[PDB]
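Working notes, structure below.
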Amino acid sequence: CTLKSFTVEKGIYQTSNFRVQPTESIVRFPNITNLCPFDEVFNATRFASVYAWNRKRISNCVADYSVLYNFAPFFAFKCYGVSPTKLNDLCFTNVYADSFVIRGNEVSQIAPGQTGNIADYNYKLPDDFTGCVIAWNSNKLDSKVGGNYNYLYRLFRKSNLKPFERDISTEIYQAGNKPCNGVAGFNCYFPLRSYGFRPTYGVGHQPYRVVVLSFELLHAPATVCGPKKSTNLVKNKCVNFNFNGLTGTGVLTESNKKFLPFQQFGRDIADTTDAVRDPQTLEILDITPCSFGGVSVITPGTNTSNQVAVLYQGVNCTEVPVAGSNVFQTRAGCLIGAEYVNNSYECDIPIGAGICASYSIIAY
Amino acid sequence: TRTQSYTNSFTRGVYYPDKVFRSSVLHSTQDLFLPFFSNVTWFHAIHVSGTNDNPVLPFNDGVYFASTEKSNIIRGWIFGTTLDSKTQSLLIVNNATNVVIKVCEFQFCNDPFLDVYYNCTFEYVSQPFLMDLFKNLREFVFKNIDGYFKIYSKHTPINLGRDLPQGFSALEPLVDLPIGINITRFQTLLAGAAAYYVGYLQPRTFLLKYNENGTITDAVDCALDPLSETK
Amino acid sequence: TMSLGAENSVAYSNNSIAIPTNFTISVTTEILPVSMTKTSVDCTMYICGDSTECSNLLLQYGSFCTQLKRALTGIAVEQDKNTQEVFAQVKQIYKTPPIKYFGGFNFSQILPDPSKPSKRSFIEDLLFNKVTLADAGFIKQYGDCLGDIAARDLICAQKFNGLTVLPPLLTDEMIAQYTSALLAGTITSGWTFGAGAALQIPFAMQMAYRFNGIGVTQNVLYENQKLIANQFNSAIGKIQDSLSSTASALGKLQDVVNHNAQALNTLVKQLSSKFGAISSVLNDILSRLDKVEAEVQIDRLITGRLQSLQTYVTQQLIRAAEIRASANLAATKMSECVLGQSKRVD
Amino acid sequence: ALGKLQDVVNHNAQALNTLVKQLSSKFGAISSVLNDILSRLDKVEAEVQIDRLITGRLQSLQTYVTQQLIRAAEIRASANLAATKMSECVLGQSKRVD
Amino acid sequence: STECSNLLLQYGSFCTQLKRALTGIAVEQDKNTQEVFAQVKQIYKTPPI
Amino acid sequence: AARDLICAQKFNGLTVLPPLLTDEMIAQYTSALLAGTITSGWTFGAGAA
Ligand SMILES: *[C@@H]1O[C@H](CO)[C@@H](O[C@@H]2O[C@H](CO)[C@@H](O)[C@H](O)[C@H]2NC(C)=O)[C@H](O)[C@H]1NC(C)=O
Ligand SMILES: *[C@@H]1O[C@H](CO)[C@@H](O[C@@H]2O[C@H](CO)[C@@H](O)[C@H](O)[C@H]2NC(C)=O)[C@H](O)[C@H]1NC(C)=O
Ligand SMILES: *[C@@H]1O[C@H](CO)[C@@H](O[C@@H]2O[C@H](CO)[C@@H](O)[C@H](O)[C@H]2NC(C)=O)[C@H](O)[C@H]1NC(C)=O
Ligand SMILES: *[C@@H]1O[C@H](CO)[C@@H](O[C@@H]2O[C@H](CO)[C@@H](O)[C@H](O)[C@H]2NC(C)=O)[C@H](O)[C@H]1NC(C)=O
Ligand SMILES: *[C@@H]1O[C@H](CO)[C@@H](O)[C@H](O)[C@H]1NC(C)=O
Ligand SMILES: *[C@@H]1O[C@H](CO)[C@@H](O)[C@H](O)[C@H]1NC(C)=O
Ligand SMILES: *[C@@H]1O[C@H](CO)[C@@H](O)[C@H](O)[C@H]1NC(C)=O
Ligand SMILES: *[C@@H]1O[C@H](CO)[C@@H](O)[C@H](O)[C@H]1NC(C)=O
Ligand SMILES: *[C@@H]1O[C@H](CO)[C@@H](O)[C@H](O)[C@H]1NC(C)=O
Ligand SMILES: *[C@@H]1O[C@H](CO)[C@@H](O)[C@H](O)[C@H]1NC(C)=O
């Protein structure tokens, strides 16, 4: 199948690559018990104004993200970095919820890389944002026939706004050469305008409620982790493992690595996680890959015989994962199916480091 | 009540850029670092008696603070832009068994001090960090990136007795705060014989050397000279 | 400004000649590379890190992942072909008689010492020690990489990504046996063992043959035999003193070892690049994003790692062509200078 | 008579002229001008077009470097032959035919 | 261009290995010239007649 | 008024390095080889002329 032919000539062929299959799966999560209060974020009486957008810190609880669809009818669920259906598998350190009310034609300003009025003066998102933006129409809750003036937004500011900064100052913006001295007038504007938010307005000018879930990636020990039960710890066996949302396959051993107390992961030259800290017992576990290697086939021509010797490259002959009669140990690895002989001939089929094979199949 | 001197910094102010263990590797990073052999400023604050001007300094993208005082004259810091009840003002106070961090808009006088035995969108009460009671040099790094206040700390005893000594000392990360404040000026707090060193961070690329035990024992500043650029 | 050399003027005249009245015997050292490291790359494991979702998308990228392995197999075959062509030029393994009086010439520093565990000469041991071998073959044997500090070694880090090193076909003991057979045949016969069957001849008459070849009558040898033998012994001692003192003579072999290590280190360190994706970890990408976005980022990483692998294979092919040219040159050197006397200048 | 040396000069000029003329290609982007892309598009779309241009120009540079490596190998072989001819014909007398 | 340079930094060590290959070629050209022409130890000069 | 191709190459980061051995020094090597060959034959290729 490798040579794509029905007739094989005499020689050694690099055919396969063997690998030890994983035995079982291990999940390891911190033993937190509380539930994250997303109901207080979403199901509220009223939301704060955008220039005073409200920030709530969510930590030390189990977060279920499939319950959010129940108590809020949203359609704008734009998630950057993390897919919203994968929020329950992996888990973060700390969550932040930024709640405000914005007009329907400005929801597109709540995105990384966007500038405008609100994205430059009221609420700015970083370009490396890892989070979700949730928006829903709230015309029936924020629309008054006499005009709702309880929602205010900044229109004038001397400079742009750095990401995740609140500016609730009320100083008069000076648009002229003369100083305002705290008195508004010509070229002296109050920088805090207010929306109308009438129910008779067309859609796109109707009020909308926005909750931005800002996620903090795994650098500290994790405090917010969703529903996934943690299994028992298995060492010295090739298993699949899950550590706070980090998935891998390998052998977990005890390590004498000296982690400083602020560290959680330990990395390699090729930017692969090879050392972990157990979130339930603070054990310094080392990750090695499972046993693998190359499989070469030493055969004569199929016109002569159909007998096959197998060379496992690199492994020791005690490392071969059986379930053999003739087993020989060469510097190239383990030779199975070829009987070693004490004689010496010319090299027919080369193997490596002075060992050759020839047609039973003998190795000399 | 204020005396300014200028001195060298040598190779000081190196901190861990992340919480990832690396052992026996040469890692290239780019962050707000204190440049090598920079010009740090020595401040002497002297009061007329041991009872019960404009010394406000600019922030300028991170501050490396250093102190060799045995007693706890230095108690905390004030960060902000205007600091006259017109905007948010970060206040860090170090108690004997507590640390308090606020962003309350209430202002103080032009000469702030902590008397003996003496709206707010963020509040942070925690275990304090000033246990370093040789000369017991204390180094701190404050920076503000993307609405996050990062405080790095280190406490190393020194024996040379000549200002900031030669050698390397990595600063471990201590405090991260999601306060989200504009900072351009800062000041210190006193309980007078205080003496402290101030340096300013710049965006620099460093090459850090992680040894067998995963400690940053050596570093190279890439923009110092062509030899280190070649390195 | 550099100096070209010391200025000289030949005292030319139409009736004046300069004739030498004495001589010296100069033994010089020339180093030629023959073979290099026989690397092998596990293509699928290097690209995907044993991931089924990555491998299914890797199956849509044709036969690059097999033709790179075919090219590396051809390079690994022609390395052993080069070594066989250079060294296996004698049909029978000759050996020196136990009496070692070759007309006063001392060959003890180049003939093998049986007291050593590997039958190599003193100069051969010096040349083996002066080159620091890195990635010599299958020395770890997949058993030295299961530690903690030993896992930090670069050979284990490149070993866990599917980048292995095949051992050479001829061991150093067999190469030393070839050089010992060639040396014993040359000393005991001259060029007759290269022309056909070995014909014995005393070394004094062999040196008389060589001087008559270069245009000097044999009575110069037969009246200056002790002086010529002392000059040859002093030159051999000077070579062994220079090889014991200066370690910078073997530049080409150390450059071959350094290039073969540096290519694998660069290929391993190319795994940390994002290549425009959100992360360089396929498990992190598959855990974070959905199926379609995971397919997009996995495809970006597959394209970047495939380009890096093709760059490595092209560089190895060019270096293999250069090594094969040097090995053909060295085989010509041995056939025309060890097995005979050369009239070609320099 | 000097067509070999003229071909060396012409190849070294042409391999740089092609590399200069390859900067006007779009490689599937909206434009081949980087400042035009940055002035027209916003961050994400501009990043997509800049990534396309980076991939195309990197592939062109790698092709140039590979061709220069092959040409350097050929010139090195010719220089080795010239050094052998200098050592044998000039510094001595050669019995080798032709 | 700062944005193009920041996007180019994610592509790895392609620039470093290309510059290394070109530097090796540039050294090899001078090595070829030296090994072709510098085959004499002393600069001889002809007699005036 | 007319832009040069070498200027267009140099404005896009492509540069040509000068050779280490200049043409006068190459001519000095060839002059030394010629004078040695004329005044000594092959004897300057094996030792002193
Ligand atoms: C650090 O900076 C200060 C000022 O920024 C330097 O002090 C100056 O020193 C020069 C020469 O001694 C004087 O001419 C200036 O008048 C000083 N400036 C001030 C404001 O006093 C100081 O020299 C710098 N340190 C080093 C090591 O160069
Ligand atoms: C943070 O506050 C500082 C004030 O300290 C602001 O800096 C001022 O910016 C205006 C216009 O950009 C200038 O006219 C002033 O001269 C600046 N003052 C100083 C002391 O530099 C700054 O714009 C604010 N915002 C940010 C994001 O830094
Ligand atoms: C030719 O040269 C050799 C050495 O190159 C000369 O041999 C040396 O002669 C001196 C004369 O006193 C001795 O002290 C040395 O011990 C000799 N050296 C060796 C290695 O034997 C030789 O004499 C020269 N012949 C002529 C005719 O000048
Ligand atoms: C041939 O060379 C060997 C090695 O140089 C000579 O052996 C040395 O002899 C001296 C004189 O006694 C000793 O001091 C050294 O220790 C010996 N070295 C070794 C490696 O054995 C030997 O004498 C020379 N001559 C003959 C005839 O063999
Ligand atoms: C919000 O909470 C109130 C009382 O806390 C409850 O009556 C109401 O049904 C909740 N809304 C939703 C959508 O669950
Ligand atoms: C819960 O976690 C803590 C800290 O990780 C640990 O000390 C404790 O043993 C855990 N409890 C159980 C039942 O595993
Ligand atoms: C294989 O295993 C044995 C014992 O487990 C060990 O002594 C030996 O060094 C290993 N390696 C080889 C190449 O035999
Ligand atoms: C500070 O410490 C004193 C005594 O150590 C204590 O009485 C006081 O309550 C503390 N203050 C705070 C805010 O913790
Ligand atoms: C809180 O801040 C607001 C800002 O508008 C201010 O009006 C109010 O007086 C403050 N409350 C105090 C100082 O108690
Ligand atoms: C690492 O720590 C151990 C134990 O503290 C110590 O013996 C060893 O010397 C340390 N390594 C270095 C390089 O200092």
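Within each chain, counting starts at residue 1; across the structure tokens, chains are named A, B, ... in the order shown, with ligands numbered 1 upward in that order.
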If you run DSSP on the backbone, which residues of stretch 41-93 of chain B are strand (DSSP E or B), as a list in words?
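Matching residues for strand (DSSP E or B) in stretch 41-93 of chain B are residues 41, 42, 43, 44, 45, 46, 57, 58, 63, 64, 65, 66, 67, 74, 75, 76, 77, 78, 79, 80, 90, 91, 92 and 93 of chain B.
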What do you get as a PyMOL selection string if you pick all residues at most 12 Å from ligand 10, counting only C-alpha atoms and all ligand atoms?
(chain A and resi 256-259) or (chain B and resi 23-24+209-217)
Could those residues be written to a file, using N, CA and C atoms, as a PDB file, in the first residue's frame?
```pdb
ATOM      1  N   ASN A 256      10.658  16.912  39.575  1.00  0.00           N
ATOM      2  CA  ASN A 256      11.376  17.711  40.554  1.00  0.00           C
ATOM      3  C   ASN A 256      11.582  19.146  40.083  1.00  0.00           C
ATOM      4  N   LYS A 257      10.738  19.627  39.172  1.00  0.00           N
ATOM      5  CA  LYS A 257      10.838  21.001  38.704  1.00  0.00           C
ATOM      6  C   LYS A 257      10.418  21.971  39.799  1.00  0.00           C
ATOM      7  N   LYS A 258      11.172  23.059  39.927  1.00  0.00           N
ATOM      8  CA  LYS A 258      10.958  24.028  40.998  1.00  0.00           C
ATOM      9  C   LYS A 258      10.098  25.172  40.472  1.00  0.00           C
ATOM     10  N   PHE A 259       8.783  24.964  40.485  1.00  0.00           N
ATOM     11  CA  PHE A 259       7.880  26.058  40.147  1.00  0.00           C
ATOM     12  C   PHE A 259       7.847  27.100  41.251  1.00  0.00           C
TER      13      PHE A 259
ATOM     14  N   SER B  23      13.116  26.734  31.732  1.00  0.00           N
ATOM     15  CA  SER B  23      14.370  26.347  32.365  1.00  0.00           C
ATOM     16  C   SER B  23      15.432  26.116  31.304  1.00  0.00           C
ATOM     17  N   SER B  24      16.595  26.750  31.498  1.00  0.00           N
ATOM     18  CA  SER B  24      17.777  26.643  30.634  1.00  0.00           C
ATOM     19  C   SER B  24      17.456  27.033  29.189  1.00  0.00           C
ATOM     20  N   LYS B 209      17.962  34.998  30.358  1.00  0.00           N
ATOM     21  CA  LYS B 209      18.612  33.696  30.456  1.00  0.00           C
ATOM     22  C   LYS B 209      18.017  32.944  31.638  1.00  0.00           C
ATOM     23  N   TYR B 210      17.321  31.847  31.354  1.00  0.00           N
ATOM     24  CA  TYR B 210      16.745  30.988  32.376  1.00  0.00           C
ATOM     25  C   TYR B 210      17.697  29.825  32.616  1.00  0.00           C
ATOM     26  N   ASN B 211      18.127  29.662  33.867  1.00  0.00           N
ATOM     27  CA  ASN B 211      19.092  28.637  34.240  1.00  0.00           C
ATOM     28  C   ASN B 211      18.422  27.286  34.462  1.00  0.00           C
ATOM     29  N   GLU B 212      19.140  26.370  35.121  1.00  0.00           N
ATOM     30  CA  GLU B 212      18.622  25.028  35.376  1.00  0.00           C
ATOM     31  C   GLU B 212      17.393  25.057  36.279  1.00  0.00           C
ATOM     32  N   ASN B 213      17.372  25.956  37.259  1.00  0.00           N
ATOM     33  CA  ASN B 213      16.261  26.053  38.195  1.00  0.00           C
ATOM     34  C   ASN B 213      15.184  27.035  37.747  1.00  0.00           C
ATOM     35  N   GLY B 214      15.285  27.573  36.536  1.00  0.00           N
ATOM     36  CA  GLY B 214      14.254  28.454  36.021  1.00  0.00           C
ATOM     37  C   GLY B 214      14.242  29.850  36.603  1.00  0.00           C
ATOM     38  N   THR B 215      15.412  30.408  36.898  1.00  0.00           N
ATOM     39  CA  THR B 215      15.545  31.750  37.445  1.00  0.00           C
ATOM     40  C   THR B 215      16.263  32.623  36.425  1.00  0.00           C
ATOM     41  N   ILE B 216      15.773  33.847  36.230  1.00  0.00           N
ATOM     42  CA  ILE B 216      16.398  34.782  35.296  1.00  0.00           C
ATOM     43  C   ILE B 216      17.667  35.305  35.961  1.00  0.00           C
ATOM     44  N   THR B 217      18.809  34.711  35.621  1.00  0.00           N
ATOM     45  CA  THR B 217      20.078  35.083  36.228  1.00  0.00           C
ATOM     46  C   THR B 217      20.873  36.088  35.409  1.00  0.00           C
TER      47      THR B 217
END
```
Test item: residues lying within 9 Å of ligand 6 with only C-alpha atoms and all ligand atoms, as a ChimeraX atom specification
/A:30-32,278-282
Between atom CA of residue B:59 and atom CA of residue A:96, what is the distance in Å, rounded to a tenth?
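Taking atom CA of residue B:59 as the start and atom CA of residue A:96 as the end point, the length is 27.0 Å.
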Quick check, in Å to one decimal: how far apart do atom CA of residue A:334 and atom CA of residue C:137 lie?
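Separating atom CA of residue A:334 from atom CA of residue C:137 is a distance of 15.0 Å.
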Let me make sure I understand: among C:49, C:74, C:143, C:276, which one has the smallest atom-to-atom distance to ligand 7 if we use only C-alpha atoms and all ligand atoms?
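The closest residue to ligand 7 is C:143.
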Neighbours of ligand 1 within 9 Å, counting only C-alpha atoms and all ligand atoms, as a VMD selection string?
chain B and resid 4 to 8 37 to 41
Just write the chosen residues, N, CA and C atoms, as a PDB file, in the first residue's frame.
```pdb
ATOM      1  N   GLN B   4      17.292  66.375  45.245  1.00  0.00           N
ATOM      2  CA  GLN B   4      17.405  65.522  44.071  1.00  0.00           C
ATOM      3  C   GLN B   4      18.869  65.273  43.746  1.00  0.00           C
ATOM      4  N   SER B   5      19.219  64.005  43.566  1.00  0.00           N
ATOM      5  CA  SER B   5      20.524  63.596  43.072  1.00  0.00           C
ATOM      6  C   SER B   5      20.306  62.636  41.913  1.00  0.00           C
ATOM      7  N   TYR B   6      21.363  62.374  41.156  1.00  0.00           N
ATOM      8  CA  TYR B   6      21.269  61.490  40.005  1.00  0.00           C
ATOM      9  C   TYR B   6      22.348  60.425  40.092  1.00  0.00           C
ATOM     10  N   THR B   7      21.985  59.188  39.758  1.00  0.00           N
ATOM     11  CA  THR B   7      22.938  58.091  39.826  1.00  0.00           C
ATOM     12  C   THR B   7      22.606  57.058  38.759  1.00  0.00           C
ATOM     13  N   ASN B   8      23.468  56.052  38.665  1.00  0.00           N
ATOM     14  CA  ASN B   8      23.327  54.986  37.688  1.00  0.00           C
ATOM     15  C   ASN B   8      22.390  53.903  38.212  1.00  0.00           C
ATOM     16  N   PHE B  37      21.921  50.662  32.543  1.00  0.00           N
ATOM     17  CA  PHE B  37      22.776  51.825  32.822  1.00  0.00           C
ATOM     18  C   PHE B  37      22.035  53.143  32.608  1.00  0.00           C
ATOM     19  N   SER B  38      20.793  53.204  33.079  1.00  0.00           N
ATOM     20  CA  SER B  38      19.989  54.404  32.923  1.00  0.00           C
ATOM     21  C   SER B  38      20.314  55.408  34.026  1.00  0.00           C
ATOM     22  N   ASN B  39      19.601  56.526  34.012  1.00  0.00           N
ATOM     23  CA  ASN B  39      19.834  57.648  34.918  1.00  0.00           C
ATOM     24  C   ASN B  39      18.669  57.697  35.904  1.00  0.00           C
ATOM     25  N   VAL B  40      18.856  57.088  37.072  1.00  0.00           N
ATOM     26  CA  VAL B  40      17.807  57.065  38.079  1.00  0.00           C
ATOM     27  C   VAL B  40      18.018  58.222  39.045  1.00  0.00           C
ATOM     28  N   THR B  41      16.931  58.646  39.684  1.00  0.00           N
ATOM     29  CA  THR B  41      16.925  59.845  40.510  1.00  0.00           C
ATOM     30  C   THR B  41      16.774  59.462  41.975  1.00  0.00           C
TER      31      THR B  41
END
```
Collect all residues with atoms no farther than 12 Å from ligand 4, counting only C-alpha atoms and all ligand atoms, and output them as a VMD selection string.
chain C and resid 99 to 113 115 121 to 123 229 to 230 232 to 241
Keeping only C-alpha atoms, write those residues as a compact mmCIF listing (two decimals), in the first residue's frame.
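Ended up saving to selection.txt:
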```txt
# COMPACT_ATOMS: atom_id res chain seq x y z
CA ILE C 99 58.41 -6.78 12.37
CA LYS C 100 58.22 -3.00 12.07
CA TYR C 101 61.59 -2.03 10.55
CA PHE C 102 60.69 -0.30 7.28
CA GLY C 103 64.17 1.00 6.48
CA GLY C 104 64.38 3.27 9.51
CA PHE C 105 60.99 4.91 8.86
CA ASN C 106 58.78 5.09 11.96
CA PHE C 107 55.12 4.34 11.21
CA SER C 108 54.04 3.80 14.83
CA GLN C 109 51.85 6.92 14.97
CA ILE C 110 49.70 5.91 11.98
CA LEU C 111 49.58 2.12 12.33
CA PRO C 112 46.82 0.84 14.66
CA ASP C 113 47.45 0.16 18.33
CA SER C 115 45.86 -2.09 23.10
CA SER C 121 46.00 4.99 15.51
CA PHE C 122 47.20 7.80 17.76
CA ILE C 123 46.55 10.38 15.03
CA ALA C 229 64.13 8.81 7.73
CA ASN C 230 64.96 11.32 10.48
CA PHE C 232 60.13 11.98 8.03
CA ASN C 233 60.01 11.07 11.74
CA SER C 234 60.45 14.73 12.74
CA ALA C 235 57.66 15.76 10.34
CA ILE C 236 55.32 13.10 11.78
CA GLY C 237 56.12 14.36 15.29
CA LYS C 238 55.42 17.93 14.18
CA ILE C 239 52.02 16.86 12.78
CA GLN C 240 51.06 15.09 16.01
CA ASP C 241 52.23 18.08 18.08
```
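Residues in contact with ligand 5 (atom pairs separated by at most 12 Å; only C-alpha atoms and all ligand atoms) are residues 38, 39, 40, 41, 42, 43, 44, 45, 46, 67, 68, 69, 70, 71, 72, 73 and 74 of chain A.
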Proximal residues of chain F relative to chain C (only C-alpha atoms; 8 Å) as a JSON list (two decimals) with N, CA and C atoms, in the first residue's frame:
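And here is the file that came out, part-v4.json:
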```json
[["chain", "number", "residue", "atom", "x", "y", "z"],
["F", 25, "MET", "N", 44.54, 44.35, -7.05],
["F", 25, "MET", "CA", 45.18, 43.26, -6.32],
["F", 25, "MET", "C", 45.09, 41.93, -7.07],
["F", 36, "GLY", "N", 56.84, 34.94, -12.03],
["F", 36, "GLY", "CA", 57.40, 33.70, -11.51],
["F", 36, "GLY", "C", 57.50, 32.62, -12.56],
["F", 39, "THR", "N", 60.36, 33.70, -15.11],
["F", 39, "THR", "CA", 61.72, 33.69, -14.58],
["F", 39, "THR", "C", 62.12, 32.38, -13.91],
["F", 40, "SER", "N", 61.19, 31.44, -13.69],
["F", 40, "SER", "CA", 61.58, 30.21, -13.01],
["F", 40, "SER", "C", 61.00, 28.92, -13.58],
["F", 45, "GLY", "N", 56.45, 26.75, -8.19],
["F", 45, "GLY", "CA", 55.27, 26.04, -7.72],
["F", 45, "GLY", "C", 55.54, 24.93, -6.74],
["F", 46, "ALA", "N", 56.81, 24.62, -6.48],
["F", 46, "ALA", "CA", 57.19, 23.58, -5.54],
["F", 46, "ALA", "C", 58.02, 24.09, -4.38],
["F", 49, "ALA", "N", 61.86, 30.01, -5.88],
["F", 49, "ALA", "CA", 62.03, 30.11, -7.32],
["F", 49, "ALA", "C", 63.50, 29.99, -7.70]]
```
Taking into account only C-alpha atoms, which residue in the set D:85, D:91, D:27, D:51 is nearest to chain F?
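Residue with the minimum atom-to-atom distance to chain F: D:91.
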Excluding residue D:71 and its own-chain neighbours fewer than 2 positions away, which residues fall within 12 Å of it when counting only C-alpha atoms? Please give them as a VMD selection string.
(chain C and resid 318) or (chain D and resid 7 to 8 11 to 12 15 64 to 69 73 to 78) or (chain E and resid 22 25 28 to 29)
Got time to write the residues from that selection, N, CA and C atoms, as a short mmCIF file (atom, residue, chain, number, x, y, z; two decimals), in the first residue's frame?
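To be explicit, this is the file written out as out.cif:
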```
data_model
loop_
_atom_site.label_atom_id
_atom_site.label_comp_id
_atom_site.auth_asym_id
_atom_site.auth_seq_id
_atom_site.Cartn_x
_atom_site.Cartn_y
_atom_site.Cartn_z
N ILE C 318 20.70 20.64 -1.48
CA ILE C 318 21.85 21.41 -1.96
C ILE C 318 23.12 21.04 -1.19
N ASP D 7 27.14 36.49 -19.41
CA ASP D 7 25.97 35.76 -18.93
C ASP D 7 25.88 35.78 -17.42
N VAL D 8 27.02 35.73 -16.73
CA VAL D 8 27.03 35.84 -15.27
C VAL D 8 26.50 37.21 -14.83
N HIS D 11 22.68 37.42 -15.67
CA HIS D 11 21.88 36.65 -14.72
C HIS D 11 21.77 37.37 -13.39
N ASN D 12 22.87 37.95 -12.90
CA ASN D 12 22.83 38.66 -11.63
C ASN D 12 22.01 39.94 -11.71
N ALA D 15 18.05 38.58 -12.08
CA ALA D 15 17.49 38.04 -10.85
C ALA D 15 17.09 39.12 -9.86
N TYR D 64 13.88 33.34 -5.17
CA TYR D 64 15.12 34.01 -5.55
C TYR D 64 16.32 33.45 -4.80
N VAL D 65 16.16 33.17 -3.50
CA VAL D 65 17.27 32.65 -2.70
C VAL D 65 17.65 31.24 -3.14
N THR D 66 16.66 30.41 -3.47
CA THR D 66 16.94 29.05 -3.96
C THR D 66 17.68 29.07 -5.30
N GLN D 67 17.24 29.94 -6.22
CA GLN D 67 17.92 30.05 -7.51
C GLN D 67 19.35 30.58 -7.35
N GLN D 68 19.55 31.52 -6.42
CA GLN D 68 20.90 32.01 -6.14
C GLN D 68 21.78 30.94 -5.52
N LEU D 69 21.22 30.07 -4.69
CA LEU D 69 21.99 28.97 -4.11
C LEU D 69 22.45 27.98 -5.18
N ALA D 73 26.34 27.27 -6.36
CA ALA D 73 26.95 25.94 -6.46
C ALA D 73 27.62 25.73 -7.82
N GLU D 74 26.96 26.17 -8.90
CA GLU D 74 27.55 26.05 -10.23
C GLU D 74 28.81 26.90 -10.38
N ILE D 75 28.77 28.14 -9.86
CA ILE D 75 29.93 29.02 -9.92
C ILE D 75 31.08 28.48 -9.06
N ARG D 76 30.75 27.85 -7.92
CA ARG D 76 31.77 27.23 -7.08
C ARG D 76 32.45 26.06 -7.78
N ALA D 77 31.68 25.25 -8.52
CA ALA D 77 32.27 24.17 -9.30
C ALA D 77 33.19 24.70 -10.40
N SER D 78 32.76 25.78 -11.07
CA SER D 78 33.60 26.40 -12.09
C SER D 78 34.87 27.01 -11.49
N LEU E 22 22.28 33.93 2.17
CA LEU E 22 22.91 34.94 1.32
C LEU E 22 24.29 35.35 1.85
N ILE E 25 26.68 32.62 0.78
CA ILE E 25 27.02 32.80 -0.63
C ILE E 25 28.04 33.92 -0.81
N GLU E 28 31.36 32.77 0.24
CA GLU E 28 31.85 31.76 -0.69
C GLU E 28 32.43 32.37 -1.96
N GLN E 29 31.89 33.51 -2.41
CA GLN E 29 32.43 34.17 -3.60
C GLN E 29 33.86 34.66 -3.38
#
```
Within 12 Å of ligand 2, which residues show up when you count only C-alpha atoms and all ligand atoms? List them as a CSV table (one decimal) with C-alpha atoms, in the first residue's frame, please.
```csv
chain,number,residue,atom,x,y,z
A,120,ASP,CA,-13.4,56.7,20.7
A,121,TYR,CA,-15.0,58.6,23.6
A,124,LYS,CA,-13.0,51.2,23.6
A,157,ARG,CA,-13.4,64.8,24.4
A,158,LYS,CA,-9.9,66.3,23.9
A,159,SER,CA,-8.2,63.0,23.0
A,160,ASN,CA,-9.2,59.5,22.2
A,161,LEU,CA,-9.9,56.8,24.8
A,162,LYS,CA,-7.5,54.1,25.8
A,163,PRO,CA,-9.1,50.6,26.0
A,164,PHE,CA,-11.2,49.7,29.1
A,165,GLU,CA,-11.2,53.3,30.5
A,166,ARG,CA,-14.1,55.1,32.2
A,167,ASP,CA,-14.4,58.9,31.9
A,169,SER,CA,-15.8,63.9,34.1
A,173,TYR,CA,-15.4,71.2,26.4
A,174,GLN,CA,-13.7,74.2,25.0
B,57,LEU,CA,6.4,63.3,40.0
B,58,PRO,CA,5.3,62.3,36.5
B,59,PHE,CA,4.4,58.7,35.8
B,60,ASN,CA,5.7,58.4,32.2
B,61,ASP,CA,4.8,54.8,31.3
B,79,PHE,CA,-1.6,57.9,41.2
B,80,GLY,CA,-3.7,60.1,39.0
B,81,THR,CA,-3.9,62.9,36.5
B,82,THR,CA,-5.1,66.0,38.3
B,83,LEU,CA,-5.8,64.8,41.9
B,86,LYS,CA,-12.2,66.2,39.3
B,87,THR,CA,-11.3,62.6,38.3
B,88,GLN,CA,-10.5,59.2,39.7
B,89,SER,CA,-7.4,58.9,41.9
B,144,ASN,CA,-0.5,50.5,33.5
B,145,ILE,CA,-1.4,48.6,30.3
B,146,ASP,CA,-4.9,48.4,28.8
B,147,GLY,CA,-6.7,49.4,31.9
B,180,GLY,CA,-9.0,51.2,34.3
B,181,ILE,CA,-7.6,54.7,35.1
B,182,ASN,CA,-5.7,57.3,33.2
B,183,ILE,CA,-2.4,57.9,35.1
B,184,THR,CA,0.2,60.6,34.3
B,185,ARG,CA,1.4,61.6,37.8
B,186,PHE,CA,2.2,60.0,41.1
```
